[PDB]
Amino acid sequence: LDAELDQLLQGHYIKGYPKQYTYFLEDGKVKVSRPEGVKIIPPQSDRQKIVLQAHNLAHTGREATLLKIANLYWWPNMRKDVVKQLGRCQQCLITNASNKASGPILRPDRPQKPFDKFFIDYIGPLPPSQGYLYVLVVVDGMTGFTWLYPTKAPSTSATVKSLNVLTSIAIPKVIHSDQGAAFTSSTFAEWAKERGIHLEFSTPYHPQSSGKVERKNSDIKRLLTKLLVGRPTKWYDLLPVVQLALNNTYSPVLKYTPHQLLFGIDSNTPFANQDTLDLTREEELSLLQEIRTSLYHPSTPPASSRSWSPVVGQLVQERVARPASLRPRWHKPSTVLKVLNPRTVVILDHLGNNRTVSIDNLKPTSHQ
Amino acid sequence: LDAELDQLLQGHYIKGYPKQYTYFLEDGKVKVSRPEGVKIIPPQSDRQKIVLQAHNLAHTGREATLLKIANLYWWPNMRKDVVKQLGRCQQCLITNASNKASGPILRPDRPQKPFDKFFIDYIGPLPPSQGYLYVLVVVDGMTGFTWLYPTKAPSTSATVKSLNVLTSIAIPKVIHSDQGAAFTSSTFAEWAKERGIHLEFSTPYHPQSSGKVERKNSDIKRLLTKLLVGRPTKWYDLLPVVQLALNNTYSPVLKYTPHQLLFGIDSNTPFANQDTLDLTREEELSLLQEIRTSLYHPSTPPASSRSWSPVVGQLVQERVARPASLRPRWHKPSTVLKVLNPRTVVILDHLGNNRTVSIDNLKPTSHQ
Amino acid sequence: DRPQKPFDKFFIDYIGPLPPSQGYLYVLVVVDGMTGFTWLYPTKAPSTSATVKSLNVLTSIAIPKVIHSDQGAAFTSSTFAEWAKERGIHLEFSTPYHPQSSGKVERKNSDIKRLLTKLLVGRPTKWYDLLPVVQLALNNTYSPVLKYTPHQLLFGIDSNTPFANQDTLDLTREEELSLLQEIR
Amino acid sequence: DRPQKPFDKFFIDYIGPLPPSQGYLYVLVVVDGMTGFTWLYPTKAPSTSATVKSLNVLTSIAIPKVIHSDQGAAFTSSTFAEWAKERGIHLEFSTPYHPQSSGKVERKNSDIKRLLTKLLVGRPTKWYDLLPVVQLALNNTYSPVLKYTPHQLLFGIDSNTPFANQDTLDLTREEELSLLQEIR
DNA sequence: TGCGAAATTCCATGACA
DNA sequence: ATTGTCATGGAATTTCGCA
DNA sequence: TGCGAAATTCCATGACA
DNA sequence: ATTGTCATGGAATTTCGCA
Ligand SMILES: CCN1C[C@H](C)n2c(c(O)c3c(=O)n(Cc4ccc(F)c(Cl)c4)nc(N4CCN(C)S4(=O)=O)c32)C1=O
Ligand SMILES: CCN1C[C@H](C)n2c(c(O)c3c(=O)n(Cc4ccc(F)c(Cl)c4)nc(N4CCN(C)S4(=O)=O)c32)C1=O
Ligand SMILES: [Mg+2]
Ligand SMILES: [Mg+2]
Ligand SMILES: [Mg+2]
Ligand SMILES: [Mg+2]
Ligand SMILES: [Mg+2]
Ligand SMILES: [Mg+2]
Ligand SMILES: [N+]
Ligand SMILES: [N+]
Ligand SMILES: [Zn+2]
Ligand SMILES: [Zn+2]
């Protein structure tokens, strides 16, 4: 404060204040003669309040805040003091956008067998058809084979009725779903436990995690659309046709239809593949096991130049899910408890709850 | 048809049918022995109907359709026949997504003078404040200087009342706006003509074209948000403060505030810049003219590897603006009349109307 | 002659009337010839209509080349014939009074009837709900003749529900005397 | 001593009462000292409240270092003083009965009054709507003393509305005899 | 005529419904 | 008949203080 | 052992609220 | 306590028919 500034006036040297400039008194204030002009050097005990005033004009970041201060003042290391305040502005931290991208996505291993993992989801509401409004879509992870069920609501009870029909064929080890109300209810947990099926949930608000089924939703709607061109949207009676059509469509990268991956032989549908006509079923199932293990698997893409990756104990902010108008897009800062993998973390949220969360719904808190 | 296929059976050579394979009759059908197995060669008069049947199973593209046909059939140049049909499937053309990116954006020259061009827009609805629901945002193109007006509706009459207040200061040559109802009404055209102001409209549903004002909307909301944290959303009384705060905030790339670009001198606001205290106003206005012409201008970015650029007479499809559920995302194909610039075109739309349209709301029609 | 395959032939038949369950009275039984895989469908009647509605569900998953049945009314109607023709399914009938399948299918149909009888006694009205588990049992039941269950033969994998407890399938002295006092 | 600048000093004053127009009766006149730029605000009364509401609009665009006025009630109230203090504006009063500006401001205020009188006669009630054009006129009027209009001096550019037809500003024999029969 | 650190410039990221 | 923009904060680069 | 063209593979683009 | 995906159609590359 006035201590430091006194020593300075009487020509002594202080660390951080270059000796080559002449420091003087005028109007009761320590001034200095800088290339850019004459600036006031406020005492250290003033600086915080100044930075805050500059920042608060429009809640500006580093450079825009600095440019204001530099108009009137100079002191050693001004930006450090600017950055200090930015890291403490609750309003800036929870309102500003991130400017760092997530690390490159994971490409999880394709489940090894049909019925290892099911991905499920709702589509809807759709226009009413026969009094139905939603579609339950169930996709086998290994095969891509799909089941469709029309429902009146995205409810546990309708999910349960449909899965009882499906599981008549076979019971899966794991069912994967997002955290919609239908799948997180304890009624659904009980239904699953009763059958030895393990529920596995996506991190919240991150439908990429249910990518397998989400991607099939697109095809389902795309085919429904084409079929309904020029007609009223009577989709109910089309679900069976779509199911069959999609389960028997080739994936150009795979060179197989999901039916083929599931049964190792075409049923009596148009353009049925005849290549295994002379094999025994046993020989056929042997070739099938082989096809199933040699399927193309994509790999993790190159990181963007400005990606960030989570580190235990780092301050991070969860994205607000359905933010209201004129309200911050980010929650208050929280702490990375565990790094499950480079794209998934457990955080402690100031309440404090444990939350398993996608990196895509996080930003690193700025300025530490 | 049976003509071609007869010559083939009796060992003669036909163009397109490789001579090294043995062609035979069986079950009343011309067959051939291919590395992949034995396929039926249908007569040419059958092929169209076959491709169509394959395609229609699930309205598959090139390879997935081909893979079906190849199960049973072979003939010369099958994909040409596949592609022929894809280009004629109305349902596929208007429902499928594009897989080609637009050419790189234009960075239009910054207007030379304040008041050359105004960019205007509505924000809202916001939560009611004092019975107001919208904000009219007017941004001067050269300076970025901004005016804010609260309104009860995004209406011509409210736009007119506000612009009458604004234009009291100065009349702009051009006002740029999107095609919202407030700005396209003839009442607004009359209001503009009366004052010698030329209206210039964005291509529809392409707010990038109003980028200048759109970007200021973000800052306006961002600052409003910060200021309203922990309080009820009483934004009405804040508009003046926000206006002033933003017009006096530095752009780090420019090193000027919009007020400075507008007047060449800070008014009595906090941290006012003092650098021209010893210049006469004349000297000041001379330095201002200089600053205004030497401002940083960004340039057109590198094209993506799979961009497309419009060519006169090309078939293209306009994006459907607010598509209903289960309805195609694209209009029927149309023809590029004129290429206004690499990112803007005039199209004739089958009705046929002339429409000036953004390349971003177009895809090139596939398979010609 | 080419080897036998899944979807080569489906064998269908009705079972009932049964005691009502959620207003259902019959079961349409479908058994794939080659694998012995069984699908079951509850119906309100053994009609062409009920058959069509039920098979529409199954044939939205896999379509047989041949359906084989006895000469039941539902299966011999011209409507059912139209339905099969639309789908490119050839229909096959056993001569009247002389039903024939194969050893495998005959044995499977026997189990189905016996397994139903066993679980209906004691709760003759709860069977609608039990259909899913009845099927898993049937399809995860080991085949003496082949070394594999229908599940294994249809999908080429082990099931996540092995029914390693092959059941008695017979009636206990409890179930015998209380089945004779059920329809009494 | 440093040269004079825009926003150094704003000169304010009321004009009225006037004939009602959309329920307004007064005009708050604001003239920047250095440029001669004029802003006008319709008010319902010459009160501190009306002054504050009006200047709040103007000061959301530019804030003066000094406001100068005569000793009108509205300008000498402690409320108006609070308002100015909040904004870091120094208030300046001319001695009572001895109003002083500068040559430029005196001349500008003269034009304003004269230009208003000229356009009110014939339509004494339509003036509220005319304020925008009155201001453009005033601000695009060439200064004999400096070579430039206020617009040019405030913005450093030519205006898109040059008022190249410098008006008479005087009253025609029509306007004289029909202004004497207006308030009569 | 070169060092360590501060200052400035660069620029991907994201949001304007 | 028209056309993206620009605050933001780590990183990269340049400049500064001193010798 | 090399040519022209057909076939196949590659892969950015975009959409799953 | 978890994790993107994959149809699509021009372009790039490889293979094919023939010599
Ligand atoms: C209530 C439980 N829920 C949560 C949210 C509503 N959700 C969802 C669901 O099925 C969803 C989707 O299919 N898509 C479409 C989608 C978008 C991008 C993408 F990459 C992929 Cl693969 C799919 N978006 C969803 N989201 C709206 C925006 N975000 C909020 S979101 O969560 O991302 C979403 C749920 O069931
Ligand atoms: C009714 C007249 N209109 C047309 C549409 C509704 N519009 C609009 C308006 O002001 C808009 C926006 O500010 N933003 C925000 C925005 C989004 C992306 C972007 F790059 C930039 Cl620059 C801004 N989006 C709008 N759009 C919703 C989706 N599209 C339909 S859209 O047209 O792109 C939009 C109108 O006034
Ligand atoms: Mg969902
Ligand atoms: Mg979804
Ligand atoms: Mg708009
Ligand atoms: Mg907008
Ligand atoms: Mg029978
Ligand atoms: Mg007075
Ligand atoms: N994995
Ligand atoms: N331009
Ligand atoms: Zn802040
Ligand atoms: Zn099609």
Side-chain angles (χ1 to χ4, degrees), chain A residues 18 20 60-64 76-77 79 83 86 96-101 105-108 121 123-124 144 200-203 206-222 249 251-254 298 304-306 338 340-346 354 356 358 366-367, chain B residues 18 20 60-64 76-77 79 83 86 96-101 105-108 121 123-124 144 200-203 206-222 249 251-254 298 304-306 338 340-346 354 356 358 366-367:
Chain A
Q20 62 160 115
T60 44
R62 187 218 314 145
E63 297 298 310
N77 302 323
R79 286 159 163 104
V83 170
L86 305 180
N96 289 350
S98 179
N99 63 359
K100 289 109 179 68
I105 53 167
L106 289 168
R107 306 313 307 275
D121 201 10
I123 293 170
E200 168 184 79
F201 300 95
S202 283
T203 46
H206 192 254
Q208 296 97 310
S209 295
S210 291
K212 268 269 174 26
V213 55
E214 289 305 2
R215 183 57 165 85
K216 191 71 60 163
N217 289 351
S218 178
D219 291 342
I220 291 166
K221 278 178 141 176
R222 182 161 60 100
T249 292
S251 164
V253 70
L254 291 196
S304 87
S305 33
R306 302 212 186 150
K338 202 186 170 91
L340 302 195
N341 58 46
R343 303 253 317 149
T344 326
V345 316
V346 192
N354 277 37
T356 305
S358 175
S366 262
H367 321 295
Chain B
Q20 62 160 115
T60 44
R62 187 218 314 145
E63 297 298 310
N77 302 323
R79 286 159 163 104
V83 170
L86 305 180
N96 289 350
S98 179
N99 63 359
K100 289 109 179 68
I105 53 167
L106 289 168
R107 306 313 307 275
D121 201 10
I123 293 170
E200 168 184 79
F201 300 95
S202 283
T203 46
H206 192 254
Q208 296 97 310
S209 295
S210 291
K212 268 269 174 26
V213 55
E214 289 305 2
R215 183 57 165 85
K216 191 71 60 163
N217 289 351
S218 178
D219 291 342
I220 291 166
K221 278 178 141 176
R222 182 161 60 100
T249 292
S251 164
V253 70
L254 291 196
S304 87
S305 33
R306 302 212 186 150
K338 202 186 170 91
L340 302 195
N341 58 46
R343 303 253 317 149
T344 326
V345 316
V346 192
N354 277 37
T356 305
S358 175
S366 262
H367 321 295

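Chain A is the first sequence line, chain B the second, and so forth, proteins listed ahead of strands; every chain is numbered from 1.
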(Q) Once you apply a heavy-atom cut-off of 4.0 Å, does B/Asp121 come out as touching a base, just sugar-phosphate, or nothing? (A) nothing

Q: Using the P atom on both, measure H/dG4 against E/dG14 and round to a whole Å.
A: 15 Å

Q) Of the non-hydrogen atoms in A/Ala64 and B/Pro252, which two are nearest, and what is the gap between them? A) N-CG, 4.2 Å

Q.
Assess the residue pair A/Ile123 and A/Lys221 against the criterion (side chain to side chain contact (heavy atoms under 4.5 Å, CB included)); give the C-alpha distance rounded to whole Å, side-chain angles, the decisive distance to 0.1 Å, and a yes or no.
A. CA-CA 9 Å; A/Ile123 293 170; A/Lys221 278 178 141 176; 3.8 Å; yes

Q: Please state how far atom CG in A/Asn217 lies from atom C1' in G/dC16, giving the value in whole angstrom units.
A: 6 Å

Q: Please report, rounded to the nearest Å, how far the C1' atom of H/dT14 is from the CZ atom of B/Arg79.
A: 13 Å

Q) Can you give one letter per nucleotide of nucleotides 1-9 of chain H, going 5' to 3': B for a protein heavy atom under 4.0 Å from the base, S for sugar-phosphate only, - for none? A) BBBBBBBBB

Q | Non-hydrogen atoms of B/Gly144 and B/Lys216 that approach each other most closely | A | O-NZ, 3.3 Å

Q. Taking the nucleotide of DNA chain E with the closest heavy atom to each, which residue, A/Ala101 or B/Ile123, is nearer the 5' end?
A. A/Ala101

Q. Would G/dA17 be called syn or anti, given that syn covers angles within 90° of 0?
A. syn

Q: Please state yes or no: are the six-membered rings of H/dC18 and H/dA19 less than 5.5 angstrom apart at their centres, with planes tilted under 30 degrees?
A: yes

Q: Evaluate the salt bridge (charged side-chain N to carboxylate O under 4.0 Å, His left out) criterion for residues A/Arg222 and A/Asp219: first the C-alpha distance (whole Å), next the side-chain angles of each, then the deciding distance (0.1 Å), finally the verdict.
A: CA-CA 5 Å; A/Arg222 182 161 60 100; A/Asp219 291 342; 3.2 Å; yes

Q: Not counting sequence neighbours, which residues clear side chain to side chain donor-acceptor pair (under 3.5 Å) with B/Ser358? List them please.
A: B/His206

(Q) Taking the axis from the first five pairs and the axis from the last five, what angle separates them in the helix from E/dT1-F/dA19 to E/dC16-F/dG4, rounded to 10 degrees? (A) 40°

Q. Quick one: CD on A/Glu63 to OG on B/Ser251, what's the gap to the nearest 0.5 Å?
A. 11.5 Å

Q: Taking all heavy atoms of B/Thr356 and all of B/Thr203, pick out the closest pair and write down the distance.
A: O-CG2, 3.7 Å

Q: Identify the two heavy atoms, one from A/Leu86 and one from A/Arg62, that lie closest to each other, and give their separation to 0.1 Å.
A: CD1-N, 3.6 Å

